[PDB]
Amino acid sequence: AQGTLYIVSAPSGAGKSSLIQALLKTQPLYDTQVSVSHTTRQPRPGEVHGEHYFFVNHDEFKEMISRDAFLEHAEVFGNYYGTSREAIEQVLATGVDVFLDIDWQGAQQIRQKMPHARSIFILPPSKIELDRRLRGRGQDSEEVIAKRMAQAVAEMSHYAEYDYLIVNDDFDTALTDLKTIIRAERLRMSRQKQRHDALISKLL
Amino acid sequence: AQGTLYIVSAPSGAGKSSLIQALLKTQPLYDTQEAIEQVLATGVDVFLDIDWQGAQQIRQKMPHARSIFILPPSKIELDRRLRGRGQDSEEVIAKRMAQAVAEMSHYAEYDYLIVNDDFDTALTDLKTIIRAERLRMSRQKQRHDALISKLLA
Amino acid sequence: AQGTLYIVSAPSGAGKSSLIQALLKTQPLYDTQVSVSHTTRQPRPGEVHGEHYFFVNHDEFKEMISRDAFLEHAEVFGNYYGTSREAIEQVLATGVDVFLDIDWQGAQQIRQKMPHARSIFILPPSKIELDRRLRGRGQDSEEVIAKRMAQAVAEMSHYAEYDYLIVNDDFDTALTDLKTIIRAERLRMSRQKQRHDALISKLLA
Amino acid sequence: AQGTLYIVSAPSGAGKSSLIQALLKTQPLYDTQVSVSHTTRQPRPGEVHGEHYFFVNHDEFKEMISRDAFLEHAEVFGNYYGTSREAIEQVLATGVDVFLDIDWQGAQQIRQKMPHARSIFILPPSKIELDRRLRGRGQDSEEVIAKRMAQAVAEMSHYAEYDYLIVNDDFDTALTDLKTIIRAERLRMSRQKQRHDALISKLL
Amino acid sequence: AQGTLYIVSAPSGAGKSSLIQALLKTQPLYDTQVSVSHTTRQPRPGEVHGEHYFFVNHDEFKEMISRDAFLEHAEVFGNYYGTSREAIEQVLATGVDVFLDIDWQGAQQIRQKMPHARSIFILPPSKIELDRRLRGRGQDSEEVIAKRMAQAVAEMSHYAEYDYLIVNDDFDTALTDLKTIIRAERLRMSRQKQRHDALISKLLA
Amino acid sequence: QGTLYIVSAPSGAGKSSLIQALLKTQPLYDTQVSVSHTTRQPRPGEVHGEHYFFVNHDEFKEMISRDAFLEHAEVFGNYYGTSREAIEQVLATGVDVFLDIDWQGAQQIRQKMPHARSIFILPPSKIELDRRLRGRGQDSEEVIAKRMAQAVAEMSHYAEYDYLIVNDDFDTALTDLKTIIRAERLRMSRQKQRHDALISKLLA
């Protein structure tokens with residue numbers, strides 16, 4: 002019946018997105034889905050309304066802000082982004098687990114209005130490795146790198162606010178850790194009593 | 002530092018003991034095994102094989118202990134498994150089947166529930182729970198103290 | 002030399018097509034392929050002839066129908082849909098395993114003209130779960146749901162007509178079951194005698 | 002309800018015994034067992050009646066041969082060895098799969114009186130590898146090696162009589178091949194119809 | 002700091018490209034990448050510069066040829082294709098492993114000038130199976146087949162020049178073999194000392 | 003064709019359990035443990051050949067003289083050393099050999115066996131090493147410091163080795179050890195050997 006909301010946070014260079022993406026390629030829609038943000042920006046090539054984003058007009062957004070329709074929202078680089086409340090609750094009602102990819106700030110807003118939500122934080126395996134991963138292609142000014150490293154340490158500060166902690170050294174290991182958390186939760190008494198209603202009847 | 006106490010219950014014919022065994026064969030003593090609290094203080098996870106009675110007594114004086122209940126995949130399969138070798142009086146079977154049903158009644162009192170159909174799958178489920186708990190913030194913060202420092206300054 | 006034909010049937014909500022797709026992403030073309038179906042309809046965005054369907058004319062389709070150029074066919078929602086017999090026997094000749102995704106009807110038609118073909122039936126883990134899976138996104142009329150649930154029961158009735166039965170609870174497990182069946186068949190004497198001809202000579206010196 | 006009887010044959014140097022032992026270490030008794038042979042020979046240290054054999058006296062064995070209670074029996078280096086039909090039938094009745102380890106002679110005898118039994122033949126990956134494995138510890142006379150190799154080729158001749166064929170190159174892969182066979186058989190309509198009776202009702 | 006360059010060769014029919022492809026779907030960019038390769042032809046739809054190819058002028062390409070800016074190159078169905086020395090060294094400097102898919106010829110040129118580089122050769126499990134995979138769809142002239150088989154044998158000749166050897170029987174096993182090599186190399190003392198610098202300090206205080 | 007694996011690690015790295023686990027899932031014609039030579043007394047169950055190569059204090063002295071050992075020392079009275087005859091006999095049969103020793107014996111063996119490869123196992127952190135070293139948690143702080151000192155001495159000849167496994171998760175670590183073995187078996191040298199017959203047919 003009721004799905005779980007998983008809040009996933011991480012600094013840039015922990016593989017947070019790659020990881021949530023990998024997990025979805027091996028799991029049906031009736032089991033696990035990615036949360037879909039509302040945004041004001043222009044769709045890019047490939048992007049489709051309903052899948053990558055809920056693309057709406059600057060006006061439609063402000064209506065939604067005023068009628069407290071979002072669970073969290075923020076302005077970024079010139080456009081508005083937020084996670085609809087209605088969108089999340091509908092999916093959960095069908096018994097699907099939802100992955101919400103956000104920063105520590107959105108996290109606390111959701112943990113607030115969604116106290117049943119669980120939260121997972123991903124970290125890099127060392128400072129050196131995080132540096133390396135942040136440097137991406139290796140063609141960036143030392144001043145843009147230090148600003149990215151600063152932003153990362155800011156993110157990582159709120160790590161203790163979270164329910165689970167994954168250290169992402171080996172990608173595969175980290176993906177199994179994520180899969181493990183999902184599976185273990187589905188073995189909680191609450192949901193097993195639901196999923197096995199018929200069987201548990203026959204035995205008793 | 003601090004380990005977890007796993008209370009494991011199940012009726013006969015669920016595989017409770019065989020399962021806890023198989024799990025101890027691929028896991029070092031510094032990870033999984087008064088006498089209870091000593092081990093837990095060394096950061097080891099303890100598996101306590103008992104019945105619903107013991108369970109409630111331990112849930113009592115050990116409120117931080119987590120509990121796992123194992124069930125047969127059907128009543129037909131439970132019957133079969135209970136019958137063991139197939140050389141038993143039909144009246145000793147029913148007494149075994151009764152005791153099992155009495156056990157299964159208390160399943161809702163537990164934290165986790167494994168349905169043991171495929172033994173391999175059930176063994177993974179058990180491991181999964183173990184791993185998931187070790188990923189909790191409490192325990193990871195402990196185990197990664199040094200790393201977390203380096204990342205923040 | 003000789004490949005196998007795998008008839009896969011299942012009611013909506015068992016994961017039948019997602020399963021067959023997942024299987025194809027981890028298996029080369031010289032080992033496993035899905036049947037491709039001749040259609041008379043329009044190729045939408047992404048859809049190409051050969052890969053997605055074998056898009057043909059209404060006339061070209063109507064010719065094929067006359068000279069028995071089909072393994073199964075009928076009419077759905079406006080157009081014409083059929084599974085070509087020549088296209089099957091060709092791929093099977095090259096030693097490839099073929100997956101034929103259909104309903105219980107085409108199944109009996111094929112079990113007929115392909116008595117050597119094996120059949121796999123996938124089922125949901127319970128009625129409650131079936132209901133839920135069928136309800137898809139959860140924005141559908143109770144009457145359209147009951148019509149789907151009905152159609153599913155009708156399909157499920159024919160289950161015992163099949164060689165293997167997979168209960169699709171955990172998707173991953175179900176996928177391994179599908180693979181296990183595939184692997185086990187290739188372990189049969191018939192095909193192993195073939196595949197290891199060189200080695201079996203040397204040992205029997 | 003009804004389990005399968007698995008006749009397993011192989012030449013020395015294929016890993017036939019190790020394999021079956023490996024399989025039994027990760028499977029409960031209510032699913033898979035090995036067959037236990039009647040014998041007239043003396044139990045060694047560790048060997049127990051009911052586990053490693055069915056140790057009987059010469060006359061008891063003869064009574065049996067007489068009343069056709071065996072599914073096979075031979076005379077080796079001085080003693081008798083047999084497969085009680087009662088012992089096998091009892092276990093299959095409980096729905097357990099049985100693994101019977103024998104030569105090609107026993108195979109045909111059983112194929113005969115047990116037409117529903119399946120047979121698996123394991124082969125070495127090459128004659129060079131077979132030689133090597135047969136040499137065991139590397140301390141044997143060339144005329145004892147040649148007699149074992151001769152015996153091996155004699156055994157491998159009957160390979161075509163079997164249902165499945167496993168090429169044991171990598172031990173782990175071959176063990177998966179064996180496990181694969183078991184699992185695929187359990188997926189047959191015959192046994193699945195049985196195991197999921199309760200569910201198939203509810204669905205209809 | 003230093004990534005390894007993996008030179009991968011195989012005859013047609015070993016699944017060399019499918020293997021490298023499969024490997025990249027389960028591995029992050031900051032761990033493993035495919036070679037770019039500079040070319041002169043037209044950027045089709047979806048095909049970005051930097052990602053799919055390093056597209057350039059027939060002039061810019063001609064300059065690069067003169068000042069030995071390439072690792073290998075030739076002419077194919079009209080245009081110019083080649084992989085650049087600079088493009089490889091840049092990626093390996095960020096600690097990424099690079100997969101270069103080439104023939105024995107380019108292999109030798111690269112063994113020659115490339116520092117941290119290892120080579121892997123893939124082979125079919127038999128001649129009958131190599132035949133079958135080469136026959137592809139099954140609709141080819143016995144003379145085009147003999148020409149593809151001749152080219153294959155020419156390719157398999159140089160197998161002994163290579164560090165590792167994968168026999169591609171079962172595709173999944175073969176992909177595990179490839180993954181195994183990648184992992185083992187990252188367990189070498191050279192790279193582990195690098196990756197675990199902070200940890201090794203603390204242990205040695 | 004075979005390979006000798008030198009495995010070293012400080013106490014609390016899992017070195018023994020790891021080599022033990024590796025042997026249970028692998029046949030004798032593929033992988034074995036090194037049987038070392040000693041002068042002391044055969045305890046109950048301990049068979050010459052299996053557990054040790056037990057020799058007279060004199061036979062051991064002969065063997066030290068004509069440089070028959072790969073490594074040796076004195077321990078709590080007696081003499082312990084690596085029999086190079088025993089090693090070479092096995093490797094000749096194409097079996098990989100595992101040698102559990104300290105950094106001292108290592109160099110002695112890297113010396114007379116330059117083709118042998120070396121693996122070093124480390125604990126995931128100092129805190130975890132401490133905890134693992136504290137075994138049951140009933141030891142004097144001075145017996146703990148003496149073992150932690152002995153570890154750090156052992157843990158500093160690490161660069162001398164070919165491969166480095168960090169044993170955090172026991173299962174991950176065993177996969178690492180298995181990975182190394184497999185990757186070595188995929189070397190051209192040994193693959194030319196094992197697939198000789200196949201490579202002929204291909205180049206027809």
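Protein sequence lines, in the order shown, are assigned to chains W, R, P, Y, Z and G.
full-length UniProt numbering puts the first sequence at residues 2 to 205.
full-length UniProt numbering puts the second sequence at residues 2 to 34, 87 to 206.
full-length UniProt numbering puts the third sequence at residues 2 to 206.
full-length UniProt numbering puts the fourth sequence at residues 2 to 205.
full-length UniProt numbering puts the fifth sequence at residues 2 to 206.
full-length UniProt numbering puts the sixth sequence at residues 3 to 206.
Positions of the beta carbon are idealized from the N, C-alpha and C atoms, including for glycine.
In the region 38-79 of chain W, which residue ranges form an unbroken beta strand (DSSP E) of at least 3 residues, counting only runs that do not cross its ends? As far as the region 38-79 of chain W is concerned, its whole beta strand (DSSP E) runs of at least 3 residues are 71-77.
Y/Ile123 beta carbon less than 8 angstroms from that of Y/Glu73: Not a contact, by the Cβ cut-off of 8 angstroms.
Among the candidates G/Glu64, G/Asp69 and G/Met150, whose CA atom is the shortest distance from the CA of G/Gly14? Cα-wise, what sits closest to G/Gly14 is G/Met150.
Quick one: what does DSSP say Y/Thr181 is sitting in, helix, strand or coil? Note: Y/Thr181 maps to helix in three-state DSSP.
Is the beta carbon of Y/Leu101 closer than 8 angstroms to that of Y/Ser36? If you check the CB distance, Y/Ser36 and Y/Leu101 come in under 8 angstroms.
Y/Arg138: buried (16+ other C-beta within 10 angstroms of its C-beta) or exposed? By the Cβ neighbour-count rule, Y/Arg138 is exposed, with fewer than 16 other Cβ atoms within 10 Å of its own.
Could you spell out where the beta strand (DSSP E) holding Z/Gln140 opens and where it closes? Careful: Z/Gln140 lies outside any beta strand (DSSP E) and carries neither H nor E.
Secondary structure of Y/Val97, DSSP reduced to three states: The answer is coil: DSSP assigns Y/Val97 none of H, G, I, E or B.
Grab me the residues of R/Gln195's own chain with a C-beta within less than 6 angstroms of its C-beta, minus the 5 sequence neighbours each way, in chain order. Result list for R/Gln195: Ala2, in chain order.
Write down the C-beta distance between Y/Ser38 and Y/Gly83 rounded to the nearest angstrom, noting that I regard them as a contact closer than 8 angstroms. Sure, about 6 angstroms apart at Cβ, within 8 angstroms.
Per DSSP, what are the beta-bridge partners of P/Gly83 in this structure? Paired residue(s): P/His39 and P/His74.
Could one say the Cβ of Z/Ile201 lies closer than 8 angstroms to chain P's Cβ atoms, at least one of them? No, Z/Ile201 lies away from the interface with chain P (no Cβ there is under 8 angstroms from its Cβ).
Closest by CA to Z/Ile21, which one among Z/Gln91, Z/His197, Z/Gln193 and Z/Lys180? Closest by alpha carbon: Z/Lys180.
In the DSSP output, which residue or residues are listed as bridge partners for Z/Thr33? According to DSSP, Z/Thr33 bridges with Z/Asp98.
Is it buried or exposed for residue 1 of chain Z, if we count other Cβ within 10 angstroms and need 16 for buried? Absent from the model: residue 1 of chain Z. The displayed extent of chain Z is 2 to 206, so no value can be given.
Under 8 angstroms between the Cβ atoms of Z/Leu6 and Z/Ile103? Against a cut-off of 8 angstroms, the Cβ pair of Z/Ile103 and Z/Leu6 comes out as no contact.
Taking Cβ-Cβ distances shorter than 9 angstroms, what residues in chain Z pair up with W/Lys128? In chain order: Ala199.
Taking C-beta pairs closer than 9 angstroms, name the residues in chain R that G/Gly47 reaches, listed in chain order. What G/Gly47 touches in chain R: nothing, since even the nearest Cβ is about 21 angstroms away.
Starting from the Cα of Y/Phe55, find the closest Cα among Y/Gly47, Y/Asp69, Y/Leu135 and Y/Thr40 and give me that residue. Among Y/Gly47, Y/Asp69, Y/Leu135 and Y/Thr40, the Cα nearest to that of Y/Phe55 is on Y/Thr40.
Can you pull the chain G neighbours of R/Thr27, defined as C-beta to C-beta under 9 angstroms? Within chain G, the residues whose beta carbon sits less than 9 angstroms from that of R/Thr27 are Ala23, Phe172, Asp173 and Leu176, listed in sequence order.
Interface partners of Y/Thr84 on chain R, CB under 9 angstroms: Within 9 angstroms Cβ-Cβ: nothing; Y/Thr84 doesn't reach chain R, min ~18 angstroms.
In DSSP terms, what R/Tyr165 is bridged to: W/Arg189 and R/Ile121, per the DSSP bridge assignment.
Under three-state DSSP, which class holds P/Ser10? DSSP, read as helix, strand or coil, puts P/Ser10 in strand.
Minimum C-alpha distance to W/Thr174 - residue among W/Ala11, W/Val9 and W/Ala23: In terms of CA proximity to W/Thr174, W/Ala23 leads the group W/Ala11, W/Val9 and W/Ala23.
Test: Y/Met157 CB closer than 8 angstroms to a CB of chain P: Closer than 8 angstroms: yes.
Using a beta-carbon distance cut-off of less than 7 angstroms, what residues from the region 85-98 of chain Y approach chain R? Within the region 85-98 of chain Y, those residues whose Cβ lies closer than 7 angstroms to any Cβ of chain R are, in chain order, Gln91, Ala94, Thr95 and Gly96.
Residues of the region 132-152 of chain P with Cβ closer than 9 angstroms to any Cβ of chain C, in chain order: The structure shown has no chain C; the protein chains it does contain are W, R, P, Y, Z and G.
What separation, rounded to the nearest whole angstrom, lies between the Cα atoms of P/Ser202 and Y/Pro116? Cα to Cα, the separation comes out at about 29 angstroms.
Taking only beta-carbon atoms, is P/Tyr31 less than 8 angstroms away from chain Z? Closer than 8 angstroms: yes.
Measuring only the C-alpha atoms, how far is W/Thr33 from Y/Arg86? Their backbone Cα atoms lie some 51 angstroms apart in a straight line.
Mapping the DSSP letters down to three states, classify Y/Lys203 as helix, strand or coil. DSSP places Y/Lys203 in helix when its eight states are reduced to three.
Output the distance between the C-alpha atoms of G/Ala118 and Z/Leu188, rounded to the nearest integer angstrom. Their Cα atoms are separated by approximately 17 angstroms.
Give the residues from the region 180-195 of chain Z that approach chain G closer than 8 angstroms (Cβ to any Cβ), ordered along the chain. The residues in question are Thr181, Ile182, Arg184, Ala185, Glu186, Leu188, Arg189, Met190, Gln193 and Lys194.
For chain Y, is any of its Cβ atoms less than 8 angstroms away from the one on P/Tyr165? Among the CB atoms of chain Y, one or more fall inside 8 angstroms of the CB of P/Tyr165.
Less than 6 angstroms between C-beta atoms, sequence neighbours within five positions excluded: which residues of the same chain meet that for Z/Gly16? Excluding positions up to five away in sequence, the list reads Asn169.
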